[PDB]
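S.K.: Below you will find the structure I want to go over with you.
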Amino acid sequence: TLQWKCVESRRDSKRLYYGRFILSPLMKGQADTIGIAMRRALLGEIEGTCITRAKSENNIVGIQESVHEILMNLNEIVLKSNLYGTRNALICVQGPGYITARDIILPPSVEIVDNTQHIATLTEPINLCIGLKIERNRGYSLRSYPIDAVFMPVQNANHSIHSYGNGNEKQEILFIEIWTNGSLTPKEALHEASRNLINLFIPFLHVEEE
Amino acid sequence: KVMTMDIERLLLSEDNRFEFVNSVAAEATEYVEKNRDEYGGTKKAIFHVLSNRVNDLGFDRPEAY
Amino acid sequence: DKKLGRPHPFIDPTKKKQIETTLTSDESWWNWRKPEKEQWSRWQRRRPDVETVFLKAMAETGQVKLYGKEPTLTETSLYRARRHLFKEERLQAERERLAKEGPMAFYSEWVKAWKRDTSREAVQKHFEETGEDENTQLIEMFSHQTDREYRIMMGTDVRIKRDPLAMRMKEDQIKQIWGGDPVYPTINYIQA
Amino acid sequence: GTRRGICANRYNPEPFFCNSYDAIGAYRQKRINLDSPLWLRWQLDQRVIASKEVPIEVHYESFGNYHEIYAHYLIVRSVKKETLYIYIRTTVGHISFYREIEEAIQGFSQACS
Amino acid sequence: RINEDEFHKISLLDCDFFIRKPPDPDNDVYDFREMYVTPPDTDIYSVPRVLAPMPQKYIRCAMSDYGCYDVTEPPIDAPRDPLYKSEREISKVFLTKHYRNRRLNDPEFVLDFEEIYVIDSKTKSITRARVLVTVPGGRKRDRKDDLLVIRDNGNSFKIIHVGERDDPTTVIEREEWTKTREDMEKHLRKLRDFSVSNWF
């Protein structure tokens with residue numbers, strides 16, 4: 001019967017989680033269809049969360065980074081949340097010192113993935129609040145600088161197929177590999193992708209009232 | 001997969017490629033003379049010689065990788 | 001010209017260019033004389049190109065202007081170098097027309113059987129009674145689309161991105177790609 | 001890679017990616033196409049390729065930051081502080097060509113561990 | 001001849017300039033009278049070709065290099081010689097006056113783009129940049145928003161408002177376009193019909 005197992009798991013960085021999952025046995029041709037659909041779902045049907053805008057209402061004086069470099073380091077902030085719509089987070093730091101993802105005040109459903117992520121270095125005693133628009137969006141979807149973060153909880157996914165047992169049924173085995181961004185574990189990403197696929201295909205089974 | 005890099009390492013180690021390959025053939029035929037276990041299935045005497053020699057180079061490869 | 005020869009289309013040589021008068025026949029060696037009758041040549045007739053039909057269709061739509069009524073080989077070579085710019089400009093104007101008109105009015109181009117008013121105002125005024133939102137109206141409109149119309153509409157598929165002009169060139173224009181009907185009639189080749 | 005100049009704009013008058021995996025992700029999500037120009041932060045700011053060409057332009061801010069713009073890359077550097085970053089103007093194709101060779105070297109040398 | 005213990009060794013590609021300096025904690029100040037030029041390490045000196053009026057008083061300047069990169073890309077011998085080399089080639093240097101000779105840490109620190117001195121490696125020469133100002137206000141304008149553009153191999157200088165700054169993308173695009181337009185005309189001109197054709 002069709003069963004799946006987590007064959008490998010790794011945590012080579014706080015913002016790179018890897019997993020590999022076996023599904024077996026599969027009928028001739030099913031493994032590639034599953035892998036293709038699952039890969040599309042992982043790589044863009046998963047809803048992901050990231051910073052989508054930053055306001056710095058005060059090149060700003062006394063910050064070492066250029067403002068563009070601040071925004072580009074903010075893009076690297078990895079978030080996990082179940083937000084509906086947009087929400088506001090807020091950096092507030094008085095210098096001198098490092099501003100880091102730990103210093104984000106988070107809206108209720110959000111949590112930081114790597115609190116050690118850099119943001120800015122204040123070289124002198126100055127005020128730097130930053131007002132951050134956060135959103136949860138599908139990867140494929142879509143004083144106020146847009147950060148254009150690409151809602152990409154899965155950095156990569158792949159699949160491969162192997163025949164097994166030398167049996168003349170020629171049934172086969174699927175290996176799915178996932179590099180989640182740490183905002184999700186690989187097993188959670190696999191579940192989310194599967195469920196989102198089922199949510200895409202159920203509509204064809206919708207009956208409507210008379 | 002990786003075993004040919006070990007081969008290249010040993011080719012880089014020895015001062016004559018032909019003398020190296022002669023020494024490998026000698027080591028294999030003396031192995032298959034000093035030991036008479038059949039040792040001919042999924043693992044082969046040539047790969048064993050290469051493995052033992054790269055282990056002498058200190059590298060963590062198992063017998064016939 | 002001197003200004004606005006950057007950006008927009010302009011005559012490659014500046015206007016007021018000089019012209020010259022040269023050796024007439026009987027001033028010239030026999031090998032450098034134009035013959036007293038124009039000689040027949042297989043090459044006498046301008047080759048029909050895709051780039052000529054497209055550049056004429058762009059000229060008549062006013063997207064471009066040309067030095068004469070027929071696109072020169074220089075102009076068609078430049079079109080060959082630049083056509084994707086005009087194609088993406090037309091596709092962008094098509095996206096913008098979609099955004100303005102809404103899907104009912106846009107896609108009704110390929111539903112001749114849909115006689116009702118498709119403007120956004122009429123779609124709203126129909127939603128305000130029939131309860132059918134814009135989507136149910138669009139599903140109904142497409143439910144009146146015939147298979148052949150749908151296959152023609154499939155040029156607007158977001159992956160195909162067929163040129164809005166190539167979708168709308170008429171037969172007597174497309175004919176000029178190969179240069180009209182073959183002189184030897186194809187009925188000689190047709191076999192059941 | 002890119003269409004150049006007259007082949008790219010109808011008249012005379014690009015995203016930034018903080019690393020190449022962000023660019024590949026945006027390509028996979030169809031935010032950008034293989035041919036399309038983009039800027040990659042070349043934080044490995046050694047090994048910049050050049051054609052022996054002087055800066056096509058430089059901008060100096062009054063506060064002494066300046067940007068050098070070239071036909072292939074940009075460098076932000078200041079008279080105080082230091083060079084911040086090179087940004088290389090490139091394509092998903094060029095990025096993939098470089099990355100898959102670097103990752104082939106890494107994949108081979110993985111056994112060196 | 002002259003010692004270097006109190007000279008800025010402004011190393012260009014083809015030579016080093018020696019510029020006398022007074023003592024300052026930031027090593028930030030230039031004499032602009034005791035000028036010398038030296039082949040890259042030859043320890044021989046001569047007065048460089050001063051081509052412009054130069055300030056006979058100690059003033060403080062930022063310095064920057066107009067160098068190209070070059071990929072030396074040398075041939076590689078057997079001992080894993082590196083399959084690339086790339087090196088900075090400082091064809092030219094800019095020395096930019098500080099406004100009021102303000103120190104780098106002063107709150108009102110501004111570069112005085114009105115006073116740029118240009119050092120050329122290959123003509124072994126010094127010049128004063130004839131910058132053009134596009135900004136409304138002449139000498140009494142707010143200098144914090146000034147942005148200097150340098151162009152034409154560092155022969156052209158233009159002070160422009162900070163907001164105006166063309167994007168790097170549209171700069172590169174405009175240079176590519178103005179190149180390819182002339183290349184395409186130079187190609188199309190060989191056709192007979194070019195005389196009766198439109199840019200389209």
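Naming works like this for the structure tokens: A, B, ... for the chains as they're shown, residue 1 at the start of each chain, ligands 1 onward in shown order.
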Please build the interface table for chain D against chain C with a cut-off of 8 Å, listing for each qualifying residue the nearest atom pair and the distance in Å to one decimal; count only C-alpha atoms, order rows by chain and increasing number, and write it as a Markdown table.
M.R.:
| residue | atom | partner | partner_atom | distance |
| --- | --- | --- | --- | --- |
| D:6 | CA | C:82 | CA | 7.6 |
| D:7 | CA | C:82 | CA | 5.7 |
| D:8 | CA | C:85 | CA | 7.0 |
| D:9 | CA | C:85 | CA | 7.0 |
| D:10 | CA | C:85 | CA | 6.4 |
| D:11 | CA | C:7 | CA | 4.4 |
| D:12 | CA | C:7 | CA | 5.5 |
S.K.: Can you list every residue in range 64-169 of chain C that DSSP puts in alpha helix (DSSP H), as a ChimeraX atom specification?
M.R.: /C:73-107,120-130,134-143,147-153
S.K.: Which residues of chain C have any atom within 9 Å of an atom in chain E when counting only C-alpha atoms, and what is the closest pair of atoms for each, with the distance in Å to one decimal? Order the rows by chain and rising number and write it as a tab-separated table.
M.R.:
residue	atom	partner	partner_atom	distance
C:5	CA	E:199	CA	8.3
C:8	CA	E:200	CA	7.3
C:9	CA	E:200	CA	4.3
C:10	CA	E:199	CA	4.9
C:11	CA	E:198	CA	4.1
C:12	CA	E:198	CA	5.3
C:13	CA	E:195	CA	6.1
C:64	CA	E:200	CA	6.1
C:65	CA	E:200	CA	6.6
C:66	CA	E:198	CA	5.7
C:67	CA	E:197	CA	5.4
C:68	CA	E:196	CA	7.9
C:71	CA	E:197	CA	7.9
C:72	CA	E:193	CA	6.0
C:73	CA	E:193	CA	6.6
C:74	CA	E:194	CA	5.9
C:75	CA	E:197	CA	6.3
C:77	CA	E:188	CA	8.2
C:78	CA	E:200	CA	7.9
C:79	CA	E:200	CA	8.0
S.K.: Hey, can you spit out that residue selection with C-alpha atoms as a PDB file, in the first residue's frame?
M.R.:
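In the end it all went to part_10.pdb:
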ATOM      1  CA  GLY C   5      15.360  62.325 -34.178  1.00  0.00           C
ATOM      2  CA  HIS C   8      10.524  58.881 -32.589  1.00  0.00           C
ATOM      3  CA  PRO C   9      10.673  57.624 -36.200  1.00  0.00           C
ATOM      4  CA  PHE C  10      12.458  60.016 -38.536  1.00  0.00           C
ATOM      5  CA  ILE C  11      13.950  59.979 -42.026  1.00  0.00           C
ATOM      6  CA  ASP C  12      17.416  58.427 -41.786  1.00  0.00           C
ATOM      7  CA  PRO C  13      19.038  61.040 -44.067  1.00  0.00           C
ATOM      8  CA  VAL C  64       4.815  53.586 -37.222  1.00  0.00           C
ATOM      9  CA  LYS C  65       5.225  55.903 -40.187  1.00  0.00           C
ATOM     10  CA  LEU C  66       7.190  55.062 -43.320  1.00  0.00           C
ATOM     11  CA  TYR C  67       8.983  57.113 -45.947  1.00  0.00           C
ATOM     12  CA  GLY C  68       6.709  55.689 -48.649  1.00  0.00           C
ATOM     13  CA  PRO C  71       8.491  49.359 -46.667  1.00  0.00           C
ATOM     14  CA  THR C  72      12.028  49.456 -48.036  1.00  0.00           C
ATOM     15  CA  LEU C  73      14.446  46.584 -47.468  1.00  0.00           C
ATOM     16  CA  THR C  74      16.268  48.795 -44.953  1.00  0.00           C
ATOM     17  CA  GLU C  75      13.036  49.321 -43.029  1.00  0.00           C
ATOM     18  CA  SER C  77      15.701  44.753 -41.939  1.00  0.00           C
ATOM     19  CA  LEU C  78      15.232  47.114 -39.016  1.00  0.00           C
ATOM     20  CA  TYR C  79      11.817  45.627 -38.285  1.00  0.00           C
TER      21      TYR C  79
END
S.K.: I'd like the neighbourhood of range 136-148 of chain A as a ChimeraX atom specification, where a residue qualifies if any of its atoms comes within 9 Å (using only C-alpha atoms), though same-chain residues fewer than 2 positions away should be ignored.
M.R.: /A:43-58,71-72,74-75,80-86,131,134,150-153 /D:29-31
S.K.: Selected residues, N, CA, C and O atoms, written as a CSV table (one decimal), in the first residue's frame, please.
M.R.:
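Printed below is out-v7.csv as written:
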chain,number,residue,atom,x,y,z
A,43,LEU,N,7.0,25.0,-4.7
A,43,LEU,CA,7.7,26.2,-5.1
A,43,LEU,C,6.8,27.4,-5.3
A,43,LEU,O,7.3,28.5,-5.7
A,44,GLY,N,5.5,27.3,-5.2
A,44,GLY,CA,4.7,28.5,-5.3
A,44,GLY,C,3.3,28.5,-4.8
A,44,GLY,O,2.7,29.6,-4.7
A,45,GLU,N,2.7,27.4,-4.4
A,45,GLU,CA,1.4,27.3,-3.9
A,45,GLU,C,1.4,27.4,-2.3
A,45,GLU,O,0.4,27.8,-1.8
A,46,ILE,N,2.5,27.2,-1.7
A,46,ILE,CA,2.7,27.4,-0.3
A,46,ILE,C,2.6,28.9,0.0
A,46,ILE,O,3.3,29.7,-0.6
A,47,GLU,N,1.7,29.3,0.9
A,47,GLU,CA,1.7,30.7,1.4
A,47,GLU,C,2.8,30.9,2.3
A,47,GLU,O,3.1,30.2,3.3
A,48,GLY,N,3.6,32.0,2.1
A,48,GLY,CA,4.7,32.4,2.9
A,48,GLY,C,4.7,33.8,3.3
A,48,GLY,O,3.9,34.6,2.8
A,49,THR,N,5.5,34.1,4.3
A,49,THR,CA,5.5,35.4,5.0
A,49,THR,C,6.8,36.0,4.9
A,49,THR,O,7.9,35.3,5.1
A,50,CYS,N,6.9,37.3,4.6
A,50,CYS,CA,8.1,38.0,4.6
A,50,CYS,C,7.8,39.5,4.7
A,50,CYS,O,6.7,39.9,4.5
A,51,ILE,N,8.9,40.3,5.0
A,51,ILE,CA,8.7,41.8,5.0
A,51,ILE,C,8.4,42.3,3.6
A,51,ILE,O,9.2,42.0,2.7
A,52,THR,N,7.3,43.0,3.5
A,52,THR,CA,6.9,43.6,2.2
A,52,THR,C,7.1,45.1,2.0
A,52,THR,O,7.1,45.5,0.9
A,53,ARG,N,7.2,45.8,3.1
A,53,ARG,CA,7.5,47.2,3.0
A,53,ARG,C,8.2,47.7,4.2
A,53,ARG,O,8.1,47.1,5.3
A,54,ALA,N,9.0,48.8,4.1
A,54,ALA,CA,9.7,49.4,5.2
A,54,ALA,C,9.6,50.9,5.1
A,54,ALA,O,9.7,51.5,4.0
A,55,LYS,N,9.2,51.5,6.2
A,55,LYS,CA,9.2,53.0,6.4
A,55,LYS,C,10.3,53.4,7.4
A,55,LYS,O,10.4,52.8,8.5
A,56,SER,N,11.1,54.3,7.0
A,56,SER,CA,12.2,54.9,7.8
A,56,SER,C,12.0,56.4,7.8
A,56,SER,O,12.7,57.1,7.0
A,57,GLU,N,11.1,57.0,8.5
A,57,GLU,CA,10.6,58.3,8.4
A,57,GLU,C,11.6,59.4,8.7
A,57,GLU,O,11.4,60.6,8.4
A,58,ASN,N,12.7,59.0,9.3
A,58,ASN,CA,13.8,59.9,9.5
A,58,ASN,C,14.6,60.1,8.2
A,58,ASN,O,15.5,61.0,8.2
A,71,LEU,N,17.5,48.0,3.3
A,71,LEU,CA,16.4,47.3,2.7
A,71,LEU,C,16.7,45.9,2.2
A,71,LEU,O,16.0,45.0,2.4
A,72,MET,N,17.9,45.8,1.6
A,72,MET,CA,18.3,44.5,1.0
A,72,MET,C,18.7,43.5,2.1
A,72,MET,O,18.7,42.3,1.9
A,74,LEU,N,17.0,43.6,5.1
A,74,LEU,CA,15.7,43.3,5.6
A,74,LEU,C,15.0,42.3,4.7
A,74,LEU,O,14.3,41.4,5.2
A,75,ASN,N,15.2,42.3,3.4
A,75,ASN,CA,14.7,41.3,2.5
A,75,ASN,C,15.1,39.9,3.0
A,75,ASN,O,14.3,38.9,2.9
A,80,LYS,N,7.9,33.3,9.7
A,80,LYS,CA,6.8,32.4,9.6
A,80,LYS,C,5.6,32.9,10.4
A,80,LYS,O,5.7,33.4,11.5
A,81,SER,N,4.4,32.9,9.8
A,81,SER,CA,3.2,33.4,10.4
A,81,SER,C,2.0,32.8,9.6
A,81,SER,O,2.1,32.2,8.6
A,82,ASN,N,0.8,33.0,10.3
A,82,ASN,CA,-0.5,32.7,9.7
A,82,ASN,C,-1.3,33.9,9.5
A,82,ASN,O,-2.6,33.9,9.7
A,83,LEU,N,-0.7,35.0,9.2
A,83,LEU,CA,-1.4,36.3,9.0
A,83,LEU,C,-2.5,36.2,7.9
A,83,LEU,O,-2.2,35.5,6.9
A,84,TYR,N,-3.6,36.8,8.2
A,84,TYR,CA,-4.5,37.2,7.1
A,84,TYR,C,-4.4,38.7,6.8
A,84,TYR,O,-4.4,39.5,7.7
A,85,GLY,N,-4.3,39.0,5.5
A,85,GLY,CA,-4.0,40.4,5.1
A,85,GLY,C,-2.6,40.8,5.6
A,85,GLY,O,-1.7,40.0,6.0
A,86,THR,N,-2.4,42.1,5.5
A,86,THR,CA,-1.2,42.8,5.9
A,86,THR,C,-1.2,43.0,7.4
A,86,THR,O,-2.3,43.0,8.1
A,131,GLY,N,9.1,51.1,10.4
A,131,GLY,CA,7.8,50.5,10.4
A,131,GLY,C,7.6,49.6,9.2
A,131,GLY,O,7.8,50.0,8.1
A,134,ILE,N,4.2,43.7,6.8
A,134,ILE,CA,4.3,42.3,6.6
A,134,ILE,C,3.1,41.7,5.9
A,134,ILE,O,2.0,42.2,6.1
A,150,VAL,N,10.0,37.6,-2.1
A,150,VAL,CA,9.4,36.8,-3.1
A,150,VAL,C,8.6,35.7,-2.5
A,150,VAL,O,8.3,34.7,-3.2
A,151,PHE,N,8.2,35.7,-1.2
A,151,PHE,CA,7.3,34.8,-0.6
A,151,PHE,C,7.7,33.3,-0.9
A,151,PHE,O,6.9,32.6,-1.4
A,152,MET,N,8.9,33.0,-0.5
A,152,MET,CA,9.5,31.7,-1.0
A,152,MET,C,10.0,30.9,0.2
A,152,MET,O,11.2,30.7,0.4
A,153,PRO,N,9.0,30.3,0.9
A,153,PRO,CA,9.4,29.4,2.0
A,153,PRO,C,10.2,28.2,1.6
A,153,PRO,O,10.8,27.5,2.4
D,29,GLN,N,9.3,31.6,-10.1
D,29,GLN,CA,8.0,32.1,-9.8
D,29,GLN,C,7.6,33.1,-10.9
D,29,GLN,O,6.6,33.8,-10.8
D,30,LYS,N,8.3,33.1,-12.0
D,30,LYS,CA,7.9,33.9,-13.2
D,30,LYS,C,7.8,35.4,-13.0
D,30,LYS,O,7.0,36.1,-13.6
D,31,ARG,N,8.6,35.9,-12.0
D,31,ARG,CA,8.7,37.3,-11.8
D,31,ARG,C,9.7,37.9,-12.8
D,31,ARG,O,9.6,39.1,-13.1
S.K.: Compile the contact shell of range 10-25 of chain B as a PDB file with N, CA, C and O atoms, in the first residue's frame: residues with an atom at most 9 Å away, counting only C-alpha atoms, same-chain residues fewer than 5 positions apart removed.
M.R.:
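Below is the file that was written, around19.pdb:
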ATOM      1  N   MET B   5      38.775  10.086  -8.030  1.00  0.00           N
ATOM      2  CA  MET B   5      39.600  11.134  -7.448  1.00  0.00           C
ATOM      3  C   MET B   5      40.684  10.518  -6.582  1.00  0.00           C
ATOM      4  O   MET B   5      41.853  10.922  -6.669  1.00  0.00           O
ATOM      5  N   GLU B  30      49.438 -10.451  -5.278  1.00  0.00           N
ATOM      6  CA  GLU B  30      49.929 -10.971  -4.012  1.00  0.00           C
ATOM      7  C   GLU B  30      48.821 -11.038  -2.973  1.00  0.00           C
ATOM      8  O   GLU B  30      48.866 -11.903  -2.100  1.00  0.00           O
ATOM      9  N   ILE B  46      41.145  -4.826  -7.006  1.00  0.00           N
ATOM     10  CA  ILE B  46      41.703  -3.549  -7.451  1.00  0.00           C
ATOM     11  C   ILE B  46      41.180  -2.414  -6.580  1.00  0.00           C
ATOM     12  O   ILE B  46      41.945  -1.570  -6.091  1.00  0.00           O
ATOM     13  N   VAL B  49      42.818  -2.538  -3.187  1.00  0.00           N
ATOM     14  CA  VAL B  49      44.152  -1.943  -3.184  1.00  0.00           C
ATOM     15  C   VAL B  49      44.064  -0.423  -3.175  1.00  0.00           C
ATOM     16  O   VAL B  49      44.746   0.252  -2.393  1.00  0.00           O
ATOM     17  N   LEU B  50      43.219   0.139  -4.043  1.00  0.00           N
ATOM     18  CA  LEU B  50      43.043   1.590  -4.065  1.00  0.00           C
ATOM     19  C   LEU B  50      42.526   2.118  -2.730  1.00  0.00           C
ATOM     20  O   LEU B  50      42.980   3.164  -2.248  1.00  0.00           O
ATOM     21  N   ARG B  53      45.346   1.922  -0.065  1.00  0.00           N
ATOM     22  CA  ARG B  53      46.356   2.941  -0.326  1.00  0.00           C
ATOM     23  C   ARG B  53      45.856   4.347  -0.007  1.00  0.00           C
ATOM     24  O   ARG B  53      46.613   5.167   0.526  1.00  0.00           O
ATOM     25  N   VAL B  54      44.595   4.658  -0.320  1.00  0.00           N
ATOM     26  CA  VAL B  54      44.081   5.975   0.052  1.00  0.00           C
ATOM     27  C   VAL B  54      43.877   6.081   1.563  1.00  0.00           C
ATOM     28  O   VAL B  54      43.971   7.176   2.132  1.00  0.00           O
ATOM     29  N   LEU B  57      47.063   7.177   2.728  1.00  0.00           N
ATOM     30  CA  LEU B  57      46.994   8.627   2.597  1.00  0.00           C
ATOM     31  C   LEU B  57      46.117   9.276   3.661  1.00  0.00           C
ATOM     32  O   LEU B  57      46.049  10.509   3.714  1.00  0.00           O
TER      33      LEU B  57
END
S.K.: Could you state the separation of CA of residue 157 in chain E and CA of residue 101 in chain E in Å, given to one decimal place?
M.R.: 21.2 Å
S.K.: Can you tell me, as a PyMOL selection string, what residues are no more than 12 Å from residue 111 in chain C when counting only C-alpha atoms, ignoring any on the same chain fewer than 3 positions away?
M.R.: chain C and resi 103-108+114-116+118+138-153
S.K.: Give me, as number ranges by chain, the residues of chain D touching chain A, with the criterion being at most 10 Å (counting only C-alpha atoms).
M.R.: D: 15-19, 21-26, 28-31, 41, 61, 63, 65, 76, 81, 84-85
S.K.: Mind pulling up the distance from CA of residue 187 in chain A to CA of residue 170 in chain A?
M.R.: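 Value for the CA of residue 170 in chain A-CA of residue 187 in chain A distance: 27.7 Å.
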S.K.: If the cut-off is 10 Å, can you tell me the residues of chain D near chain E, counting only C-alpha atoms? I'd like them as a VMD selection string.
M.R.: chain D and resid 4 to 15 37 to 39 46 to 74 77 to 80 89
S.K.: Return as JSON lines the residues of chain D lying at most 10 Å from chain B, together with the closest atom-to-atom pair for each and the distance in Å to one decimal, counting only C-alpha atoms, with rows in chain order and ascending residue number.
M.R.:
{"residue": "D:108", "atom": "CA", "partner": "B:2", "partner_atom": "CA", "distance": 7.9}
{"residue": "D:109", "atom": "CA", "partner": "B:2", "partner_atom": "CA", "distance": 9.4}
{"residue": "D:110", "atom": "CA", "partner": "B:2", "partner_atom": "CA", "distance": 9.5}
{"residue": "D:111", "atom": "CA", "partner": "B:2", "partner_atom": "CA", "distance": 6.9}
{"residue": "D:112", "atom": "CA", "partner": "B:59", "partner_atom": "CA", "distance": 8.7}
{"residue": "D:113", "atom": "CA", "partner": "B:60", "partner_atom": "CA", "distance": 9.1}
S.K.: Write out, as a JSON list (two decimals), in the first residue's frame, the residues just selected, with C-alpha atoms.
M.R.:
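out_25.json, written as the output of this step:
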[["chain", "number", "residue", "atom", "x", "y", "z"],
["D", 108, "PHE", "CA", 33.02, 17.26, -6.59],
["D", 109, "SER", "CA", 35.01, 18.58, -3.62],
["D", 110, "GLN", "CA", 32.27, 17.47, -1.21],
["D", 111, "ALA", "CA", 34.22, 14.21, -0.97],
["D", 112, "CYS", "CA", 37.24, 16.18, 0.29],
["D", 113, "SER", "CA", 35.40, 16.39, 3.64]]
S.K.: Would you kindly return, as a list in words, each protein, DNA or RNA residue with an atom no farther than 8 Å from any atom of residue 124 in chain C, considering only C-alpha atoms and excluding same-chain residues fewer than 3 positions away?
M.R.: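 The residues that qualify are residues 120, 121, 127, 128, 133 and 134 of chain C.
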S.K.: Hey, can you check how far CA of residue 87 in chain D sits from CA of residue 163 in chain E?
M.R.: 21.2 Å
S.K.: Taking only C-alpha atoms into account, name the residue in B:7, B:38, B:45, B:58 that is nearest to residue 26 in chain B.
M.R.: B:45
S.K.: For residue 31 in chain E, find every residue with an atom within 9 Å (counting only C-alpha atoms), except residues of its own chain fewer than 5 positions away, and show them as a list in words.
M.R.: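 Once the adjacent positions are removed, what remains is residues 19, 20, 21, 22, 55, 56, 57, 58, 59 and 60 of chain E.
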